[PDB]
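Read the structure below first, then the notes.
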Amino acid sequence: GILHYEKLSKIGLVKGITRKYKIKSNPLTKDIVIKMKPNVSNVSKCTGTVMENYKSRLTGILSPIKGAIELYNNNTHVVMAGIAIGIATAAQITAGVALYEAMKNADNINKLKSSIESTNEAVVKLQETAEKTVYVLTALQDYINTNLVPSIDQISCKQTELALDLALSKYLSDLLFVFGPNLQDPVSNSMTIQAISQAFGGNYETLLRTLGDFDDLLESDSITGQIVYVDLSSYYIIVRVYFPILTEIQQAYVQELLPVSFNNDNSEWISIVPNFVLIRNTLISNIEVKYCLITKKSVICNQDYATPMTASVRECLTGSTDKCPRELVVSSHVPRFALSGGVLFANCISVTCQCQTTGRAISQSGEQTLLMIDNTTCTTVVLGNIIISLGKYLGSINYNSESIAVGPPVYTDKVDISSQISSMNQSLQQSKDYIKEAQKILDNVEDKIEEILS
Amino acid sequence: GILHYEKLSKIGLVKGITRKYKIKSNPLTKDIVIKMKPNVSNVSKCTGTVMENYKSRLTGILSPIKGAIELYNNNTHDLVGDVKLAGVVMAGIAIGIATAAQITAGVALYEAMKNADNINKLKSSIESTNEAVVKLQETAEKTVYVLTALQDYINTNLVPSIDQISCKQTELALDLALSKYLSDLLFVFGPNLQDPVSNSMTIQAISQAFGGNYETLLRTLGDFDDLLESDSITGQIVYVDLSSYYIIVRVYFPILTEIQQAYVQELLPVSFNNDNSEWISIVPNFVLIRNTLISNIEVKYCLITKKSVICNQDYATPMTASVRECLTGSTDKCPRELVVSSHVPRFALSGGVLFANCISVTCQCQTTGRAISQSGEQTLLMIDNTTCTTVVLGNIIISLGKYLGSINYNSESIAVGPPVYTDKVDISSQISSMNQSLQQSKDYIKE
Amino acid sequence: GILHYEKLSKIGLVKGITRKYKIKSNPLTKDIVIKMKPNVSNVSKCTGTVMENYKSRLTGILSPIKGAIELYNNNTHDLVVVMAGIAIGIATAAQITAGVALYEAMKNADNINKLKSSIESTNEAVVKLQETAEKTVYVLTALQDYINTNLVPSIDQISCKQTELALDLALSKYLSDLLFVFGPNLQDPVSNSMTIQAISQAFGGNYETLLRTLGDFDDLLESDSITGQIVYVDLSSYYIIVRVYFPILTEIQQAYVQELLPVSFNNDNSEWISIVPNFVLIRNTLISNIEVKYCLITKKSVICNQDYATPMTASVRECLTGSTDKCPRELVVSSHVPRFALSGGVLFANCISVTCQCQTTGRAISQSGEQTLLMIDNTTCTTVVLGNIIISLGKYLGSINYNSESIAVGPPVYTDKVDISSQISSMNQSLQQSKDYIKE
Ligand SMILES: *[C@@H]1O[C@H](CO)[C@@H](O[C@@H]2O[C@H](CO)[C@@H](O)[C@H](O)[C@H]2NC(C)=O)[C@H](O)[C@H]1NC(C)=O
Ligand SMILES: *[C@@H]1O[C@H](CO)[C@@H](O[C@@H]2O[C@H](CO)[C@@H](O)[C@H](O)[C@H]2NC(C)=O)[C@H](O)[C@H]1NC(C)=O
Ligand SMILES: *[C@@H]1O[C@H](CO)[C@@H](O)[C@H](O)[C@H]1NC(C)=O
Ligand SMILES: *[C@@H]1O[C@H](CO)[C@@H](O)[C@H](O)[C@H]1NC(C)=O
Ligand SMILES: *[C@@H]1O[C@H](CO)[C@@H](O)[C@H](O)[C@H]1NC(C)=O
């Protein structure tokens with residue numbers, strides 16, 4: 001049950017931190033306008049057909065989004081038109097419902113079109129008639145206002161236009177990854193606010209700040225954006241930002257296991273067991289922490305990332321160490337000792353351990369996997385080049401007298417898995433014929449005992 | 001033959017979109033000059049030895065490319081039987097050890113040489129280009145473009161701030177720009193690009209030398225976006241000039257062809273019920289069918305799109321006969337895995353008909369007012385307008401079509417495949433477990 | 001020596017380059033100050049509360065580093081260096097060692113810190129300061145250049161909100177850029193893994209200047225061997241001290257990395273590719289796998305920031321050393337897996353899959369169905385036309401009749417993630433099914 005830490009530590013898995021488990025929930029919606037063509041009316045003398053190009057270029061990347069969105073709109077007549085939609089995922093359907101929900105306010109924001117069209121500055125605060133405000137973030141506007149405008153004199157009219165064309169095209173080449181043919185499904189709310197901000201030049205800080213515990217959300221990619229309206233004549237979008245909160249899962253924790261090479265039968269092994277185990281309620285399972293934000297106190301995820309675990313690997317973690325698979329160590333880099341509870345767990349065959357206080361070297365038998373070193377043999381431990389003072393071990397009084405039973409060896413390598421598999425299939429097939437040497441030589445040579453009876 | 005779509009949909013894999021399959025082919029080559037040191041002729045007043053430094057710094061990252069390229073140029077002693085279009089001969093002994101890809105890139109390099117040499121004659125005019133992008137005449141009426149790094153910054157920041165800023169400031173700002181640009185280009189062009197006799201480099205990646213602005217680079221040259229987002233527009237470095245600090249890039253702008261009777265079928269996955277628990281099917285979500293043959297495809301590397309999967313190469317991959325069999329009827333061969341996340345999807349829509357896990361989620365009929373409840377004997381419900389016109393599904397209301405398949409999808413039971421664990425760590429334990437077991441029962445056969 | 005290159009080449013793995021094996025060692029520490037709030041007193045006019053905001057914002061991302069660092073400092077009580085095990089409680093070796101290095105950095109950190117008020121008022125982007133000894137120390141300050149060469153000149157023709165917008169925007173952009181590396185994300189700052197590139201995110205990614213002010217550099221850089229450790233955080237002046245670990249790389253002895261160039265091959269009416277590592281590490285008499293993906297591959301060497309060796313199954317070992325019937329093979333279904341390679345100036349080609357011909361002798365080079373691959377050298381063709389590429393050949397230094405002698409092909413296998421589970425469960429099902437007949 002709920003983890004056999006000591007048994008585990010001998011096989012080279014020492015207790016790491018225990019962590020709180022958190023997931024986003026309870027989203028909270030807020031709307032923003034991002035304008036994708038800058039102002040220019042203040043510096044319109046020496047532009048040329050850069051705009052006529054940029055616009056039709058932008059229209060090419062923008063229109064298919066509009067098109068994709070509108071297929072959910074003309075076809076949600078609360079109720080979504082299943083025949084019209086035809087083939088879709090639940091996720092998408094829900095995004096579509098959120099979209100329809102956004103429409104009501106989208107429509108009200110859209111009434112300020114001509115005022116959006118003529119925004120002077122980078123970030124503008126507008127009045128949506130209610131006393132409910134709405135923000136317009138316009139791309140390259142700052143550059144235009146504070147580079148182009150003041151350098152106008154010392155540049156000329158054929159080289160301001162170059163500087164403009166270049167800015168526009170750079171901005172384009174930057175936004176293209178996120179907003180290209182690439183975002184094929186824009187009826188979603190997965191797009192991270194960071195990724196959306198690409199349209200405002202990656203400055204998601206300002207985007208969040210004008211809307212007004214933050215970083216933890218941000219670095220879990222839990223702050224998401226949904227595109228809810230596209231205006232093709234004014235070249236702006238409305239984004240609904242989903243700013244959630246994060247909730248602690250109840251009697252759920254994520255246990256880290258610190259891996260440490262260990263000795264068996266003249267060679268160093270490392271245990272093949274998850275380094276992060278999720279325990280919620282009485283149930284132990286795998287978790288894909290790679291997708292979360294690990295943190296001193298908590299694993300923070302934008303969704304549940306639990307994953308099933310085989311009963312062997314479950315048994316392994318709760319005592320049966322002869323079920324934890326082990327792999328050969330051949331790199332001078334897999335770690336050779338760890339510290340847990342102020343007590344040291346060390347491969348004193350691989351590395352040389354000594355007692356600074358008592359002067360005598362701490363030497364490890366070949367019969368043992370690992371040493372548990374605490375303040376009842378050394379107070380201070382010299383460990384190569386690092387000197388470390390130890391606590392008393394809260395576990396078994398004679399950890400080092402009692403021997404763990406090591407599990408089976410295995411190869412972890414992609415290429416070695418296939419060879420192992422074909423090797424095995426070979427062996428099982430080879431010995432699946434000897435079992436067919438009994439369909440005759442135990443059936444006919446026993447139904448001959450019906451004739452040698454009758 | 002066909003995928004057994006109905007049998008599949010019970011095991012929680014519903015028909016998604018069917019897509020065209022496209023791959024790039026027939027490049028149309030076009031050449032461009034990228035100059036990697038800006039002008040500074042209109043600034044040379046406060047420049048310390050930052051140019052003297054920057055140059056020798058750049059030479060360090062540039063020269064080995066040149067060197068690498070020129071080993072193919074000395075080694076292709078070619079035109080075969082002297083003549084231009086007769087062909088090209090690569091020196092095998094000289095080259096020694098190379099890949100087909102590389103050899104071909106070498107041939108393309110030799111092919112680029114002819115025009116490279118003609119472009120190179122404008123060296124002194126490249127050397128003194130004033131502006132960021134310049135159009136030059138290669139004598140023929142055939143034009144050639146020079147894109148020069150940091151030039152714009154220099155022309156529109158520094159020259160304008162020169163009257164208002166000092167010296168050990170004007171030079172700081174320059175040193176900083178140059179070193180930033182350097183630290184940005186270093187990933188793509190460093191010791192990293194060990195094999196420059198290639199045409200893999202994407203034009204985006206190449207444009208790192210022009211500060212990531214691949215837009216302008218493409219636009220000065222001339223289905224564009226679909227090419228671009230499949231990384232099918234590639235660049236090859238064909239000449240390096242170490243005194244003028246410029247490179248010639250051959251850009252390979254291809255076209256994309258529809259593969260014939262080949263389509264990529266999406267399967268939308270849906271959690272399904274069996275023996276008191278939710279399972280998800282372990283079967284590819286994307287299957288490539290070309291001709292009568294079904295095989296895997298690595299779409300992760302392609303560009304997926306309403307109508308088509310667009311790839312810069314063929315990405316087909318073999319498929320085990322079991323997983324083949326599974327997709328064409330034998331659902332007892334489709335492996336399944338336990339579901340333990342409140343996130344794996346619980347229903348899908350295909351053909352206007354709903355496939356739902358009405359054990360996991362709670363389904364009801366808005367029109368008929370009665371809840372749609374699912375037996376524990378069944379994996380999944382197919383709900384079509386012949387039981388509900390409108391379906392309330394938690395919080396989403398949805399109007400349905402008539403299912404074009406079996407009149408009683410729900411009365412007939414599928415046979416669920418074997419359970420399996422998908423996890424990296426779990427595969428090793430499963431394997432060692434099995435070895436142990438087979439060895440253990442390989443002695444009883446010796447009894 | 002170790003490997004069986006000829007036997008291997010028939011199964012479609014031809015000798016590629018042999019490379020030197022190098023790892024970083026012998027690091028060489030040098031210190032630097034990164035200031036994360038620009039000067040701005042030269043436009044202290046209409047900034048507004050943006051500084052008051054920016055500062056408290058920054059404090060939020062910065063303080064937890066300080067905090068984390070100081071827990072090692074508070075708990076290394078020494079000179080004998082002794083680390084407090086009870087206080088530390090639960091840590092890795094790596095981290096402990098980082099801690100020792102941190103304590104080692106403290107001595108100089110403390111001396112650098114005396115110049116606090118002079119750090120506070122640095123005018124320019126990069127400054128050289130005197131740490132009293134004649135030992136200099138550098139201050140790189142963020143956004144300073146932008147401020148000095150955009151905003152200060154663009155004061156005169158810009159409104160008071162206009163100036164402050166441009167500032168707020170620069171600051172917040174810089175923030176949104178640094179946040180990935182320095183956020184809640186860097187949960188363990190008592191380490192020296194952070195690459196100097198990643199560190200330079202605080203100076204706006206310009207790791208070039210950072211390295212250049214401190215003074216075979218690229219190979220280090222592109223192996224991510226040049227690392228930074230944060231050794232001090234100042235929360236009132238908003239600067240950090242970084243100890244940069246600039247190592248040197250050493251050749252491993254009698255160790256090389258062998259590349260294998262893969263080439264589709266023919267067997268029993270279909271094209272196969274061999275499932276064998278493309279890079280094999282041989283050090284001493286021992287052959288093993290190596291994870292090159294993490295290193296820097298280079299004409300002469302594989303360059304790694306650590307040893308990346310990995311064990312190899314005795315079957316795959318045996319395979320590379322003769323037993324080709326142990327090298328697993330997989331069916332080819334993509335018009336993209338390569339069809340010929342060149343090694344030693346001799347050609348190894350699938351002349352069933354592609355059509356091979358002799359330009360010199362005019363006659364086409366055709367391959368039996370009994371053979372996997374053709375070895376083509378100048379003793380049959382001097383020049384070879386191979387689709388659209390013409391190539392002149394050397395003499396093969398191996399067996400005089402490579403093409404008469406047949407290799408024994410290994411077992412077929414499926415490589416695919418999804419196909420492994422089915423293979424595994426199939427093998428299970430079958431073993432269970434035939435584990436009952438043994439109970440009969
Ligand atoms: C769905 O309906 C939208 C409107 O909601 C359609 O947009 C119209 O587009 C035409 C262009 O030919 C314009 O003349 C109209 O002004 C638009 N309609 C309205 C009411 O403003 C769109 O064509 C429809 N189709 C799809 C597939 O989304
Ligand atoms: C159940 O769904 C089918 C197909 O979605 C509906 O049949 C269509 O009805 C519309 C409107 O009457 C016609 O324009 C189509 O031509 C019909 N298609 C077919 C293939 O018959 C049907 O109406 C739905 N049933 C109910 C009760 O709404
Ligand atoms: C070991 O740990 C702590 C040190 O304070 C203490 O409680 C205990 O008495 C110590 N025991 C010995 C034998 O040193
Ligand atoms: C370290 O100790 C001092 C007390 O003298 C205190 O000011 C500081 O906050 C402590 N920090 C930690 C992390 O314990
Ligand atoms: C192959 O090439 C080299 C040329 O130096 C030579 O050693 C060898 O004799 C050649 N043989 C033939 C048949 O061309």
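If you're wondering about the labels, chains in the structure tokens are A, B, ... by order shown, residues count from 1 in each chain, ligands from 1 in order shown.
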
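Every residue having at least one atom no farther than 12 Å from ligand 4 is included below, with only C-alpha atoms and all ligand atoms taken into account: residues 63, 64, 65, 66, 67, 68, 69, 70, 71, 72, 73, 74, 75, 76, 77, 87 and 88 of chain C.
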
Residue selection dump (C-alpha atoms) as a CSV table (one decimal), in the first residue's frame:
```csv
chain,number,residue,atom,x,y,z
C,63,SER,CA,12.4,36.9,-4.9
C,64,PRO,CA,11.7,33.1,-5.0
C,65,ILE,CA,15.2,32.6,-6.6
C,66,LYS,CA,16.8,34.7,-3.8
C,67,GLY,CA,14.8,32.7,-1.3
C,68,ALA,CA,15.8,29.4,-2.8
C,69,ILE,CA,19.5,30.4,-3.0
C,70,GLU,CA,19.6,31.6,0.6
C,71,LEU,CA,18.4,28.2,1.9
C,72,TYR,CA,21.7,26.7,0.8
C,73,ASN,CA,23.6,29.7,2.1
C,74,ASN,CA,21.9,29.7,5.5
C,75,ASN,CA,22.6,26.0,5.7
C,76,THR,CA,26.3,25.6,4.6
C,77,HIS,CA,28.0,26.5,7.9
C,87,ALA,CA,18.7,21.4,7.3
C,88,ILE,CA,18.8,20.5,3.6
```

Please write out the residues within 7 Å of ligand 5 as a ChimeraX atom specification, counting only C-alpha atoms and all ligand atoms.
/C:378-379,382,393-395

Pull the closest atom pair for each residue of chain C that gets at most 12 Å from ligand 3, along with the distance in Å to one decimal, counting only C-alpha atoms and all ligand atoms, ordering rows by chain and then ascending residue number, as JSON lines.
```
{"residue": "C:84", "atom": "CA", "partner": "ligand 3", "partner_atom_place_in_ligand_line": "4 (C)", "distance": 11.0}
{"residue": "C:85", "atom": "CA", "partner": "ligand 3", "partner_atom_place_in_ligand_line": "2 (O)", "distance": 10.2}
{"residue": "C:86", "atom": "CA", "partner": "ligand 3", "partner_atom_place_in_ligand_line": "2 (O)", "distance": 7.9}
{"residue": "C:87", "atom": "CA", "partner": "ligand 3", "partner_atom_place_in_ligand_line": "4 (C)", "distance": 10.6}
{"residue": "C:89", "atom": "CA", "partner": "ligand 3", "partner_atom_place_in_ligand_line": "2 (O)", "distance": 11.9}
```

Among region 329-378 of chain A, which residues does DSSP mark as strand (DSSP E or B) when it is run on the backbone? Keep the chain and numbering as in the structure and answer as an NGL selection string.
:A and (337-340 or 343-346 or 353-355 or 361-362 or 371-373)

Generate the output file for the selected residues, N, CA and C atoms, as a PDB file, in the first residue's frame.
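Output below, filename selection_29.pdb:
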```pdb
ATOM      1  N   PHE A 337      24.635   9.168  -5.404  1.00  0.00           N
ATOM      2  CA  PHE A 337      24.092   9.284  -4.062  1.00  0.00           C
ATOM      3  C   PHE A 337      22.944  10.286  -4.016  1.00  0.00           C
ATOM      4  N   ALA A 338      22.052  10.137  -3.029  1.00  0.00           N
ATOM      5  CA  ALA A 338      21.029  11.156  -2.722  1.00  0.00           C
ATOM      6  C   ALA A 338      20.877  11.435  -1.215  1.00  0.00           C
ATOM      7  N   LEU A 339      20.200  12.539  -0.915  1.00  0.00           N
ATOM      8  CA  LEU A 339      19.923  12.920   0.457  1.00  0.00           C
ATOM      9  C   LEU A 339      18.419  13.030   0.701  1.00  0.00           C
ATOM     10  N   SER A 340      17.932  12.274   1.680  1.00  0.00           N
ATOM     11  CA  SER A 340      16.551  12.383   2.089  1.00  0.00           C
ATOM     12  C   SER A 340      16.315  12.271   3.609  1.00  0.00           C
ATOM     13  N   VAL A 343      19.410  12.144   5.884  1.00  0.00           N
ATOM     14  CA  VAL A 343      20.142  10.886   5.799  1.00  0.00           C
ATOM     15  C   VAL A 343      20.563  10.578   4.360  1.00  0.00           C
ATOM     16  N   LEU A 344      21.769  10.020   4.204  1.00  0.00           N
ATOM     17  CA  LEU A 344      22.388   9.867   2.888  1.00  0.00           C
ATOM     18  C   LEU A 344      22.239   8.450   2.355  1.00  0.00           C
ATOM     19  N   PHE A 345      21.947   8.337   1.066  1.00  0.00           N
ATOM     20  CA  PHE A 345      21.841   7.037   0.412  1.00  0.00           C
ATOM     21  C   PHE A 345      22.847   7.020  -0.692  1.00  0.00           C
ATOM     22  N   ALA A 346      23.846   6.156  -0.565  1.00  0.00           N
ATOM     23  CA  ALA A 346      25.062   6.297  -1.383  1.00  0.00           C
ATOM     24  C   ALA A 346      25.567   4.994  -1.955  1.00  0.00           C
ATOM     25  N   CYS A 353      33.290   6.636  -0.115  1.00  0.00           N
ATOM     26  CA  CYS A 353      32.685   7.410   0.976  1.00  0.00           C
ATOM     27  C   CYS A 353      33.579   7.366   2.197  1.00  0.00           C
ATOM     28  N   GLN A 354      33.796   8.495   2.874  1.00  0.00           N
ATOM     29  CA  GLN A 354      34.522   8.462   4.170  1.00  0.00           C
ATOM     30  C   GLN A 354      33.974   9.337   5.301  1.00  0.00           C
ATOM     31  N   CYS A 355      34.386   9.015   6.518  1.00  0.00           N
ATOM     32  CA  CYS A 355      33.915   9.697   7.704  1.00  0.00           C
ATOM     33  C   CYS A 355      34.928  10.733   8.114  1.00  0.00           C
ATOM     34  N   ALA A 361      37.376   5.251   6.438  1.00  0.00           N
ATOM     35  CA  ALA A 361      36.544   5.190   5.231  1.00  0.00           C
ATOM     36  C   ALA A 361      35.282   4.315   5.412  1.00  0.00           C
ATOM     37  N   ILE A 362      34.155   4.771   4.866  1.00  0.00           N
ATOM     38  CA  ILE A 362      32.902   4.022   4.900  1.00  0.00           C
ATOM     39  C   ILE A 362      32.904   3.108   3.688  1.00  0.00           C
ATOM     40  N   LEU A 371      24.335   2.112   0.468  1.00  0.00           N
ATOM     41  CA  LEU A 371      24.459   2.351   1.905  1.00  0.00           C
ATOM     42  C   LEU A 371      23.518   3.465   2.333  1.00  0.00           C
ATOM     43  N   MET A 372      22.910   3.238   3.497  1.00  0.00           N
ATOM     44  CA  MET A 372      22.183   4.271   4.207  1.00  0.00           C
ATOM     45  C   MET A 372      23.150   4.730   5.251  1.00  0.00           C
ATOM     46  N   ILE A 373      23.568   5.985   5.138  1.00  0.00           N
ATOM     47  CA  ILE A 373      24.502   6.599   6.065  1.00  0.00           C
ATOM     48  C   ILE A 373      23.774   7.722   6.805  1.00  0.00           C
TER      49      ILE A 373
END
```

Mind listing the helix (DSSP H, G or I) residues of region 205-420 of chain A, per DSSP on the backbone, as an MDAnalysis selection string?
chainID A and resid 205:211 215:218 289:291 311:317 321:323 414:420

All residues having an atom within 12 Å of ligand 2 (only C-alpha atoms and all ligand atoms) as a PyMOL selection string:
(chain A and resi 81-86) or (chain B and resi 350-354+367+383-390+398-404)

Name the residues in contact with region 275-286 of chain A at a cut-off of 12 Å, using only C-alpha atoms, excluding same-chain residues fewer than 3 positions from it; report them as a ChimeraX atom specification.
/A:1-3,8,12-22,248-260,270-272,289-290,294,298-299,304-311,313-318 /B:338-341,421-426

Skip residue 160 (chain B) itself and residues of its chain fewer than 6 positions away, then list as number ranges by chain all residues within 8 Å of it, counting only C-alpha atoms.
A: 151, 154-155

Counting only C-alpha atoms and all ligand atoms, which protein, DNA or RNA residues come within 8 Å of ligand 1, given as a list in words?
residues 66, 67, 68, 69, 70, 71, 72, 73 and 74 of chain A

Keeping N, CA and C atoms for every residue in the selection just given, could you write it to a file as a compact mmCIF listing (two decimals), in the first residue's frame?
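The result, written out as result.txt:
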```txt
# COMPACT_ATOMS: atom_id res chain seq x y z
N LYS A 66 -12.17 33.43 -40.23
CA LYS A 66 -13.54 33.95 -40.34
C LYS A 66 -14.46 32.87 -40.89
N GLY A 67 -14.16 32.40 -42.11
CA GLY A 67 -14.89 31.29 -42.71
C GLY A 67 -15.14 30.12 -41.76
N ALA A 68 -14.09 29.62 -41.11
CA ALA A 68 -14.24 28.49 -40.17
C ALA A 68 -15.17 28.81 -39.00
N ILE A 69 -15.01 30.00 -38.42
CA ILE A 69 -15.87 30.47 -37.34
C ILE A 69 -17.32 30.54 -37.79
N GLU A 70 -17.55 31.21 -38.91
CA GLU A 70 -18.92 31.41 -39.38
C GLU A 70 -19.70 30.13 -39.67
N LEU A 71 -19.00 29.03 -39.95
CA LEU A 71 -19.69 27.75 -40.14
C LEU A 71 -20.35 27.24 -38.84
N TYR A 72 -19.76 27.56 -37.70
CA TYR A 72 -20.42 27.27 -36.44
C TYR A 72 -21.54 28.27 -36.16
N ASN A 73 -21.34 29.53 -36.52
CA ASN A 73 -22.37 30.56 -36.32
C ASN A 73 -23.62 30.43 -37.17
N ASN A 74 -23.50 30.41 -38.50
CA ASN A 74 -24.71 30.26 -39.33
C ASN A 74 -25.42 28.97 -38.97
```

Given only C-alpha atoms as the counted atoms, nearest of A:182, A:263, A:147, A:224 to chain C
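Looking at the shortest contact to chain C, the residue is A:147.
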
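As for CA of residue 241 (chain B) and CA of residue 173 (chain B), they are spaced 26.2 Å apart.
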
In Å, how far is it from CA of residue 246 (chain A) to CA of residue 53 (chain C)?
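Taking CA of residue 246 (chain A) and CA of residue 53 (chain C), their separation equals 24.6 Å.
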
Could you pull the residues within 12 Å of residue 55 (chain C), counting only C-alpha atoms, minus those fewer than 5 positions along the same chain, as a PyMOL selection string?
chain C and resi 36-38+49-50+60-63+168+171-172+175+235-239

Export C-alpha atoms of the chosen residues as a CSV table (one decimal), in the first residue's frame?
```csv
chain,number,residue,atom,x,y,z
C,36,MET,CA,17.2,44.0,-14.8
C,37,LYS,CA,15.8,47.5,-14.4
C,38,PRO,CA,17.1,50.2,-16.8
C,49,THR,CA,3.9,54.5,-11.8
C,50,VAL,CA,5.2,52.2,-14.5
C,60,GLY,CA,7.6,38.7,-7.8
C,61,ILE,CA,9.6,36.6,-10.3
C,62,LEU,CA,12.9,37.4,-8.6
C,63,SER,CA,12.4,36.9,-4.9
C,168,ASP,CA,5.7,50.2,-20.3
C,171,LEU,CA,9.5,46.6,-20.0
C,172,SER,CA,6.4,44.3,-20.3
C,175,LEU,CA,9.3,40.6,-19.0
C,235,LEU,CA,15.9,43.0,-4.6
C,236,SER,CA,16.3,46.8,-4.0
C,237,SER,CA,18.7,47.4,-6.9
C,238,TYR,CA,17.2,44.7,-9.1
C,239,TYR,CA,20.4,42.9,-10.3
```

Would you write out, as JSON lines, a table of all residues in chain C that have an atom no more than 6 Å from an atom of chain A, listing for each the closest atom pair and the distance in Å to one decimal, considering only C-alpha atoms and ordering rows by chain and rising residue number?
```
{"residue": "C:82", "atom": "CA", "partner": "A:387", "partner_atom": "CA", "distance": 4.7}
{"residue": "C:83", "atom": "CA", "partner": "A:388", "partner_atom": "CA", "distance": 4.8}
{"residue": "C:84", "atom": "CA", "partner": "A:389", "partner_atom": "CA", "distance": 5.4}
{"residue": "C:85", "atom": "CA", "partner": "A:342", "partner_atom": "CA", "distance": 4.5}
{"residue": "C:86", "atom": "CA", "partner": "A:342", "partner_atom": "CA", "distance": 4.1}
{"residue": "C:89", "atom": "CA", "partner": "A:342", "partner_atom": "CA", "distance": 4.2}
{"residue": "C:90", "atom": "CA", "partner": "A:340", "partner_atom": "CA", "distance": 3.9}
{"residue": "C:91", "atom": "CA", "partner": "A:339", "partner_atom": "CA", "distance": 4.9}
{"residue": "C:92", "atom": "CA", "partner": "A:338", "partner_atom": "CA", "distance": 4.9}
{"residue": "C:93", "atom": "CA", "partner": "A:338", "partner_atom": "CA", "distance": 5.6}
{"residue": "C:172", "atom": "CA", "partner": "A:205", "partner_atom": "CA", "distance": 5.4}
{"residue": "C:173", "atom": "CA", "partner": "A:203", "partner_atom": "CA", "distance": 4.9}
{"residue": "C:176", "atom": "CA", "partner": "A:205", "partner_atom": "CA", "distance": 5.6}
{"residue": "C:187", "atom": "CA", "partner": "A:295", "partner_atom": "CA", "distance": 5.4}
{"residue": "C:307", "atom": "CA", "partner": "A:331", "partner_atom": "CA", "distance": 5.8}
{"residue": "C:309", "atom": "CA", "partner": "A:331", "partner_atom": "CA", "distance": 5.2}
{"residue": "C:310", "atom": "CA", "partner": "A:330", "partner_atom": "CA", "distance": 5.6}
{"residue": "C:311", "atom": "CA", "partner": "A:330", "partner_atom": "CA", "distance": 6.0}
```
